[PDB]
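Written out below as structure tokens is the structure these notes cover.
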Amino acid sequence: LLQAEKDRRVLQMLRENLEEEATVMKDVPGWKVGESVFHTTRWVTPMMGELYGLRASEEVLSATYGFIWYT
Amino acid sequence: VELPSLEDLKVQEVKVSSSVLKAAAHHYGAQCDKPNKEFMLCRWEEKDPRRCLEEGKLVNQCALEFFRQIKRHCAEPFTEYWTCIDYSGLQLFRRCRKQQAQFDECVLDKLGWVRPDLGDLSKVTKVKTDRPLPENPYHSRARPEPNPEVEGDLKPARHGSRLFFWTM
Amino acid sequence: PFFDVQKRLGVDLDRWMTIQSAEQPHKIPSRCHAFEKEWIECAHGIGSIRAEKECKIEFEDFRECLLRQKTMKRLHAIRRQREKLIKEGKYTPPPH
Amino acid sequence: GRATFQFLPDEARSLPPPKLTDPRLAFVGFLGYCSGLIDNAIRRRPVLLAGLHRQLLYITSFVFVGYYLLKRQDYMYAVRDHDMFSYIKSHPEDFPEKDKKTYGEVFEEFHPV
Amino acid sequence: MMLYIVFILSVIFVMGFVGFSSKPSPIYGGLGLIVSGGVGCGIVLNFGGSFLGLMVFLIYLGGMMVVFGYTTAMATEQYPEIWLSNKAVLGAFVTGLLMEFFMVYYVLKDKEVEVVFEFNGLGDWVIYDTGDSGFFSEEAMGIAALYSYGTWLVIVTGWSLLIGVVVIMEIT
Amino acid sequence: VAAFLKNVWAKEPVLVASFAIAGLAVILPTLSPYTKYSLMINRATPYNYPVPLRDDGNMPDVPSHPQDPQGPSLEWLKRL
Amino acid sequence: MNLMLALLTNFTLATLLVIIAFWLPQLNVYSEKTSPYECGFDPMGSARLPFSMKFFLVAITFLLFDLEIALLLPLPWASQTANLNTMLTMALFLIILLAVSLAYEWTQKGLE
Amino acid sequence: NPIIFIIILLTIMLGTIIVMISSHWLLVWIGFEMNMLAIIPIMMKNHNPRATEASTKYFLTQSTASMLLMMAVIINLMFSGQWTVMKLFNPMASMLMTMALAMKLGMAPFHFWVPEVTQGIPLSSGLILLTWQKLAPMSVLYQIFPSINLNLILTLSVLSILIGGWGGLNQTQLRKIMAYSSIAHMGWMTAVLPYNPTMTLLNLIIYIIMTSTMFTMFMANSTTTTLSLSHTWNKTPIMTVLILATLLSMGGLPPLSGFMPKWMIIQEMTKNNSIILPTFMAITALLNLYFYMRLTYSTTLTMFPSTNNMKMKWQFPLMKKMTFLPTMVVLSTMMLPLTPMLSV
Amino acid sequence: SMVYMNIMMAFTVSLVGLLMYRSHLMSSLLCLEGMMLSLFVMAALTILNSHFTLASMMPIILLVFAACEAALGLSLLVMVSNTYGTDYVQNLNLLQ
Ligand SMILES: CCCCCCCCCCCCCCCCCC(=O)OC[C@H](COP(=O)(O)OCCN)OC(=O)CCCCCCCCCCCCCCCCC
């Protein structure tokens, strides 16, 4: 149960970090919408920079460093 | 990449604290097991938790009616039970031991449940095969081809070591 | 000269710590774990001298799973699609 | 080759073996037979024939060892060949059959003085 | 207490060295280490590795260095000095200090300059974690205790030390 | 030799208490049958998550419902 | 984030309190004669610190017994395993590899 | 004392057996990390004010030599993150391997050392043990063998067999003269190494024997060249025909076995159609011979027998296995086209 | 990312004029015994940020010799300055 809550939280999280990306600019020397940095195709757990963008304010700081240095 | 839309989202998450969520949590899974073990096999057996969202709404669903069940019959002993365990640090289970019966007085009795002491979450189980058991494993491109072998019937050296002169 | 005794007789001196996917006592994976069993599958019956000019595909992305060397650049290049235009419209996002 | 860290494998049964009266085995320990004669001479023996118990046990050693070693050498040049023909045999595409022709055909240079 | 609290340690660390990497009158050599060692054990205590950090204090910085400092009374120098006072020591210093600074200046002072220093982005700690996880003692070096699989790794180190004393019982 | 063993115990009765405990901790682990219980307990603690295998035909044992008769007896400890 | 708040708090009371003790009367208007009368009761003392060995070894001698009781440290985490015999058979080796390393040197400590 | 000297002197080869037997980069660190730990006391035995200003010029010159390696192990732990022992997957590794590993062997540079140690170790007994440390490293280079920048391992070679050659012509002490021309024979075996790396070992064994049988001969009292003059009219003349039956064979002349490595090596280094390399090596080992001639004009020319020097006693050294070697250090040429197919 | 260029500039601590020189040898030997932590930390990240879970002991074994051995070579530095009283790298006596 606990996990079936998370997997939905990231797929929700990518879409907003994509659908709210592809509507930033569509540039002629830009990128295709949601390409792959790899050749291979399957689901590979994303890097922190994927979920949180350059947003980089606080709730990030409480995510990556959240567990370490304290309750 | 293909990601599903924003939809089949915003579903009903069970919204409760982390103290109550461990209050029952125990009668919970031992008696259900209808989607959930099966829902594991839609992950471990085939990865990429994108292709498999469906039972996610089944396993999330089982909880909904569970906490919706318990609210009808007895929430009074439960509400008082997860208060003590919520009195805090570490959320021990050995402080509330006294009140453990008061919550479980008629639950195992009235609506007919059982205390699944040590047999829960062990005894690695089975489910069933409904979905196609996937071939075409995760990435799995191509072979490629190996080296033909050499055995034959041998010989001694042909004329003897053929170095510079050095007959034998 | 590399004798390889641990092949002949039975003992394991090391051979376990060697690669990124072997055991990990409680069965917990690495991040790029899934690309090992992909890349070793490629060159085994090979003699490795043609490996370099044969496989090379399943290897490169594996080197780019490890360091995230490119995805970090295509990422750092969103800071140039936005955050030069901040004043020029589409603050992006709406909070929340 | 295979069965690694073996002096010689079981497959050496099919070789002659290199039995005695070959010049080398005689020569082996000859260079020891001129070794024994040294063994005295360094210390001012001063025999130039001293106790035959030192002046022998060399000759015994070399030719035994020289022998027991020549048994594998001849082997090795066999497994060398063996692994060649069996490769030369297959891939005939890498091994052409040359034609037959010479006189009435080839011109040379032709540069006399 | 920003996201840069890691990058601010190392560039103190990198500056921890150049103090004693030139020529400071080595009773201040220590004070170039126990800062560097300290900040060093500082950096490692992020990333989640902890036990393995808190040891450097116990086995090296605390325990080892004191021997390095318990001598330099036996080799004792003649009339020590405050380093960087002289003209011999001071000359060599700055050009190091600026060399990362002038590096650190336009390494990224702008969009990118240029390529070799441009493939390192900054500021979210892009890699510094992944997803979530379960727990074993932590996950990582929480299980650093293998008297299981590791054996031929110990028994050399186990035996290589035992000879450490015999060599040193002699030349002494 | 017992006169020796009583004539080091009139002089250095210190390390003798270490040797006396030096052995007697090496010897005994090969004796008392309480041990090898110790290796059974320590193997059965489920650090990980059991994953159910696939059942086609056999399926030697271990039905879907866990509390049904499935597998070995670990409850020799509960009474212990 | 509150550890460093609990460290630089501590020093800053201490690194304060030096100046409010050492420094404050240090600029007071009393006499404080520069005479070379200081360095009590060994008035002059002109020498190098000579090498004195049995001072030295008690440095080295420790440093090595130190290491392995870092190696020895992860016993209580390793008491939870699968096959445990490779522990007791192995764990007890380090110790005896420590205790041996005594007995040899124990022929000569000298005056320690 | 006498037991441990066989515990120490055993642990050395145990230091170099974990080197040749291992799969795993860590162990080839620990492996020849415990030589620089276990070599040092041998230098000492007579506790003099050279060995101790020797092994300390050795120590910190094999300390970094190691400690760079550990930096070029942990580079390709980043890239590819697979230890083991194979090509190094990244050029900053290898170039930081091979030219920081040349410190233990020392090659063309990195020798201001081999003469500063081998000279004036008070212990000449051996000092035959500095034929191990030739044998630990090579048992890496044979494995890593298909990664080198290839413009280097020759450039340390060809600047070596030259620089170790000229080094000695100016020398008298004959511990140095062996110190020099032991950089030389490190010029042939690592010049080959990318082409067909066996027919290196061939030069490696023929080397361990010949330099071995020198020292065991240089052990009776012999030290300085002009103490090898007082040799033939004093100790024994059957000694002099020996020291002339090797020192000549060691630079090599075809009826001996010293000619055996070259004769085979050039079969290899041409056939790869590099014929402008080997002459310059082939031709430079020439003036590597003019040590030995002019060493050998010391002992057969009856030069001023020492003084009234009367040694009426016989000998009680250990000649162990000297009564063999210069029948295998000389006469083996007639025997073998084995060495290319025997060790292979 | 950036923490791999520091600490690296730190591992050029070698700097060799200050590795053997100038006198007060104890300064030279010092920058050696701290050449570690450039080997250690650097190898306490790459092991850590990706979960190897196995080589994690290696960091421990990078000290256990680095202290054991570097503490040996201290010993000689007594024998030098026992017979002298000043280390002073400027002792050359054995020559060539
Ligand atoms: C089968 C299971 C195992 C069975 C084992 C059987 C029993 C073994 C266990 C015994 C071990 C007990 C502790 C170890 C022994 C005591 C330590 C010791 O050995 O002291 C030896 C000491 C040496 O003195 P000596 O050899 O005579 O030389 C001087 C001659 N002028 O002689 C001395 O007397 C020194 C005395 C101590 C020195 C300091 C005393 C200062 C006062 C402090 C006392 C306070 C401690 C009280 C404990 C408080 C506990 C809360």
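Per-residue answers, yes or no, for (1) among the basic types (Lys, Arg); (2) away from chain B (no Cβ under 14 Å); (3) surrounded by fewer than 14 Cβ atoms within 10 Å (Cβ to Cβ); (4) assigned to a helix (DSSP H, G or I):
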{"site": "C:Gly10", "(1), (2), (3), (4)": "no, yes, yes, no"}
{"site": "C:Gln20", "(1), (2), (3), (4)": "no, yes, no, no"}
{"site": "C:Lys27", "(1), (2), (3), (4)": "yes, no, yes, no"}
{"site": "C:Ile49", "(1), (2), (3), (4)": "no, no, yes, no"}
{"site": "C:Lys73", "(1), (2), (3), (4)": "yes, yes, no, yes"}
{"site": "C:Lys87", "(1), (2), (3), (4)": "yes, yes, yes, yes"}
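Residue pairs, Cβ under 9 Å, 6 or more apart or interchain, first in the range F:1-27 and more than 14 Å from every other protein chain (Cβ to nearest Cβ), second within 10 Å of the ligand (Cβ to nearest atom) and assigned to a helix (DSSP H, G or I). List them.
Note: pairs meeting the criteria are F:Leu5/F:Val16; F:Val8/F:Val16; F:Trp9/F:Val16.
Somewhere in the range I:82-93, is a residue touching a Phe, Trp or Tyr at 6+ places or on another chain (Cβ under 7 Å) and in a helix (DSSP H, G or I)?
Of the range I:82-93, the ones touching a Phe, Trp or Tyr at 6+ places or on another chain (Cβ under 7 Å) are I:82, I:89.
From what's left, in a helix (DSSP H, G or I): I:82.
The answer is yes, given that some residue of the range I:82-93 is touching a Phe, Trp or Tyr at 6+ places or on another chain (Cβ under 7 Å) and in a helix (DSSP H, G or I).
Which residues, taken from the range H:122-134, are hydrophobic (A, V, I, L, M, F, W, C) and either free of Cβ contacts under 8 Å to residues at least 24 places away in the same chain or surrounded by fewer than 18 Cβ atoms within 10 Å (Cβ to Cβ) (or both)? I'd like the intermediate steps shown before the answer.
The initial filter retains those residues of the range H:122-134 that are hydrophobic (A, V, I, L, M, F, W, C), namely H:123, H:127-130, H:132.
Hits for the range H:122-134 are H:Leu123, H:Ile128, H:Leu129, H:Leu130, H:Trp132.
Under 8 Å by Cβ, and 6 or more places apart or on different chains, what pairs join a residue from the range E:120-137 that is without any contact (Cβ under 8 Å) to a residue 40 or more places away in the chain with one that is exposed (fewer than 14 other Cβ atoms within 10 Å of the Cβ) and not in a loop (DSSP other than H, G, I, E, B)?
Cβ pairs passing all conditions: E:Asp132/A:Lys6.
Residues checked against (1) loosely packed, with under 14 Cβ neighbours inside 10 Å; (2) hydroxyl-bearing (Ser, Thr, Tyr):
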position	(1), (2)
D:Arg2	yes, no
D:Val47	yes, no
D:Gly66	no, no
D:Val79	no, no
D:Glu97	yes, no
D:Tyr103	yes, yes
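State yes or no: is G:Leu49 part of a loop (DSSP other than H, G, I, E, B) and within 12 Å of chain E (Cβ to nearest Cβ)? Break it down into steps so the answer makes sense when it comes.
Values: part of a loop (DSSP other than H, G, I, E, B): yes; within 12 Å of chain E (Cβ to nearest Cβ): yes.
Criteria met by G:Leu49.
Between residues in the range C:78-95 that are without any contact (Cβ under 8 Å) to a residue 24 or more places away in the chain and residues that are surrounded by fewer than 14 Cβ atoms within 10 Å (Cβ to Cβ) and of a type in the set (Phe, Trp, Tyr), which pairs lie under 8 Å by C-beta distance while being six or more apart or on different chains?
Every condition considered, no pair remains.
With the requirement that a residue be without any contact (Cβ under 8 Å) to a residue 12 or more places away in the chain and surrounded by 15 or more Cβ atoms within 10 Å (Cβ to Cβ), what does the range G:89-112 give you?
G:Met90, G:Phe93
Where in the range H:179-281 are the helices (runs of 4 or more DSSP H), entirely inside, with at least 1 residues that are surrounded by fewer than 18 Cβ atoms within 10 Å (Cβ to Cβ)?
The qualifying helices (runs of 4 or more DSSP H) are H:201-218, H:237-243, H:260-269.
When only residues in the range F:17-76 that are in a loop (DSSP other than H, G, I, E, B) and within 16 Å of the ligand (Cβ to nearest atom) count, which is nearest to B:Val124 (Cα to Cα)? Steps first, please.
Let us first name the residues in the range F:17-76 that are in a loop (DSSP other than H, G, I, E, B), namely F:23-27, F:31-37, F:42-76.
Still in the list and also within 16 Å of the ligand (Cβ to nearest atom): F:23-27, F:31-32.
Details: F:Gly23: 43, F:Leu24: 42, F:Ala25: 39, F:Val26: 38, F:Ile27: 39, F:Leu31: 35, F:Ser32: 33 Å.
Going through the qualifying residues, I end up with F:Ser32.
Going by the conditions given, is E:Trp125 closer than 30 Å to G:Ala59 by Cα, of a type in the set (A, V, I, L, M, F, W, C), more than 10 Å from chain G (Cβ to nearest Cβ) and part of a loop (DSSP other than H, G, I, E, B)? Reasoning before the result, please.
Working: closer than 30 Å to G:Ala59 by Cα: no; of a type in the set (A, V, I, L, M, F, W, C): yes; more than 10 Å from chain G (Cβ to nearest Cβ): yes; part of a loop (DSSP other than H, G, I, E, B): yes.
Judged against the criteria, E:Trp125 is not a match.
Residue by residue through the range D:94-109, note down the ones that are within 23 Å of D:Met84 (Cα to Cα) and either in contact with an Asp or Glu (Cβ under 8 Å, 6 or more places away or on another chain) or not charged (D, E, K, R) (or both).
Within the range D:94-109, the first condition is being within 23 Å of D:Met84 (Cα to Cα), and the residues that meet it are D:94-98.
Of everything in the range D:94-109, those that are within 23 Å of D:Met84 (Cα to Cα) and either in contact with an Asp or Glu (Cβ under 8 Å, 6 or more places away or on another chain) or not charged (D, E, K, R) (or both) turn out to be D:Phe95, D:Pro96.
So the check is Cβ under 8 Å with 6+ separation or different chains; which pairs have a first residue in the range D:41-60 that's away from chain H (no Cβ under 14 Å) and a second one that's assigned to a loop (DSSP other than H, G, I, E, B) and surrounded by 16 or more Cβ atoms within 10 Å (Cβ to Cβ)?
Within 8 Å, the pairs are D:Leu49/D:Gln55.
H:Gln315 is checked against (1) assigned to a loop (DSSP other than H, G, I, E, B); (2) among the polar types (S, T, N, Q); (3) within 28 Å of H:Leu193 (Cβ to Cβ) and fails just one. What number does that condition carry?
Failing condition for H:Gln315: (3).
With the requirement that a residue be outside any helix (DSSP H, G or I) and in contact with a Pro (Cβ under 6 Å, 6 or more places away or on another chain), what does the range B:1-58 give you? Step through it out loud before you land on a result.
Of the range B:1-58, the ones outside any helix (DSSP H, G or I) are B:1-19, B:23-26, B:32-35, B:42-53.
The answer is B:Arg43, B:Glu46.
Please determine whether any residue of the range F:1-16 is away from the ligand (no atom under 15 Å from the Cβ) and part of a loop (DSSP other than H, G, I, E, B).
Among the residues of the range F:1-16, at least one is away from the ligand (no atom under 15 Å from the Cβ) and part of a loop (DSSP other than H, G, I, E, B), which makes the answer yes.
The rows are residues; the columns are (1) closer than 30 Å to F:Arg43 by Cα; (2) in a loop (DSSP other than H, G, I, E, B); (3) under 22 Å from the mean Cα position of the chain (by Cα).
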{"site": "G:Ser31", "(1), (2), (3)": "no, yes, no"}
{"site": "G:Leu67", "(1), (2), (3)": "no, no, yes"}
{"site": "G:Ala70", "(1), (2), (3)": "yes, no, yes"}
{"site": "G:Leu75", "(1), (2), (3)": "yes, yes, no"}
{"site": "G:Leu92", "(1), (2), (3)": "yes, no, no"}
{"site": "G:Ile95", "(1), (2), (3)": "yes, no, no"}
{"site": "G:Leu98", "(1), (2), (3)": "no, no, yes"}
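Limited to the range F:5-55, what total is found for residues that are exposed (fewer than 10 other Cβ atoms within 10 Å of the Cβ) and in contact with a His (Cβ under 9 Å, 6 or more places away or on another chain)?
0
For the range B:117-136, check the following and say yes or no: at least one residue is under 21 Å from B:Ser19 (Cβ atoms), touching a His at 6+ places or on another chain (Cβ under 8 Å) and either of a type outside the set (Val, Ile, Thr) or within 14 Å of chain F (Cβ to nearest Cβ) (or both). Before the answer, list the steps.
First, pick out the residues of the range B:117-136 that are under 21 Å from B:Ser19 (Cβ atoms): B:120-121.
With touching a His at 6+ places or on another chain (Cβ under 8 Å) added as a condition, the list becomes B:120.
After this cut, where a residue has to be either of a type outside the set (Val, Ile, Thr) or within 14 Å of chain F (Cβ to nearest Cβ) (or both) as well, the list is B:120.
Yes, the range B:117-136 contains a residue that is under 21 Å from B:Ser19 (Cβ atoms), touching a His at 6+ places or on another chain (Cβ under 8 Å) and either of a type outside the set (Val, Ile, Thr) or within 14 Å of chain F (Cβ to nearest Cβ) (or both).
Of all residues being surrounded by fewer than 15 Cβ atoms within 10 Å (Cβ to Cβ) and among the hydroxyl-bearing types (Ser, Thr, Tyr) in the range B:110-168, which is nearest to C:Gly47 (Cα to Cα)? Just the residue, please. Show your work before the answer.
Of all residues in the range B:110-168, those surrounded by fewer than 15 Cβ atoms within 10 Å (Cβ to Cβ) come to B:110-112, B:114-115, B:117-118, B:121, B:128-137, B:140-154, B:158-159, B:162, B:164-168.
When the remaining residues are screened for being among the hydroxyl-bearing types (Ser, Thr, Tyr), the result is B:129, B:140, B:167.
Working: B:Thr129: 41, B:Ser140: 21, B:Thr167: 34 Å.
Of everything passing the filter in the range B:110-168, B:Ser140 is nearest to C:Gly47 (Cα to Cα).
Could you pull out the residue among H:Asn170, H:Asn76 that is within 14 Å of chain I (Cβ to nearest Cβ) and in a helix (DSSP H, G or I)?
Values: H:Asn170 fails: in a helix (DSSP H, G or I).
Being within 14 Å of chain I (Cβ to nearest Cβ) and in a helix (DSSP H, G or I) holds for just one of H:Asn170, H:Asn76, which is H:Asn76.
Regarding the range H:93-112, can at least one residue be identified that is part of a loop (DSSP other than H, G, I, E, B) and β-branched (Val, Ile, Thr)?
For the range H:93-112, residues part of a loop (DSSP other than H, G, I, E, B) and β-branched (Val, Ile, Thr): absent.
Here's the yes/no breakdown for (1) more than 11 Å from chain A (Cβ to nearest Cβ); (2) within 14 Å of the chain's Cα centre (by Cα); (3) on the phi < 0 side of the Ramachandran plot:
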residue: B:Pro4; (1), (2), (3): no, no, yes
residue: B:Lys10; (1), (2), (3): no, no, no
residue: B:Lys15; (1), (2), (3): no, no, yes
residue: B:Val20; (1), (2), (3): yes, no, yes
residue: B:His27; (1), (2), (3): yes, no, yes
residue: B:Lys34; (1), (2), (3): yes, yes, yes
residue: B:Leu41; (1), (2), (3): yes, yes, yes
residue: B:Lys47; (1), (2), (3): no, yes, yes
residue: B:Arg50; (1), (2), (3): no, no, yes
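Which condition breaks for I:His24 when tested against (1) touching an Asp or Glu at 6+ places or on another chain (Cβ under 7 Å); (2) within 8 Å of chain E (Cβ to nearest Cβ); (3) surrounded by fewer than 21 Cβ atoms within 10 Å (Cβ to Cβ)?
(3)
Need a quick list: helices (runs of 4 or more DSSP H) entirely within chain D having at least 3 residues that are out of contact with any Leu (no Cβ under 9 Å at 6 or more places or on another chain).
Numbers: elements: D:23-27, D:30-41, D:58-89.
Because the criterion is at least 3 residues that are out of contact with any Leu (no Cβ under 9 Å at 6 or more places or on another chain), the helices (runs of 4 or more DSSP H) in chain D that meet it are D:30-41, D:58-89.
Every number here is computed from the coordinates shown, using simple stated rules; none is lab data. Reconstructed Cβ throughout: ideal geometry from the backbone, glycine too, with neighbour counts over all protein chains shown.
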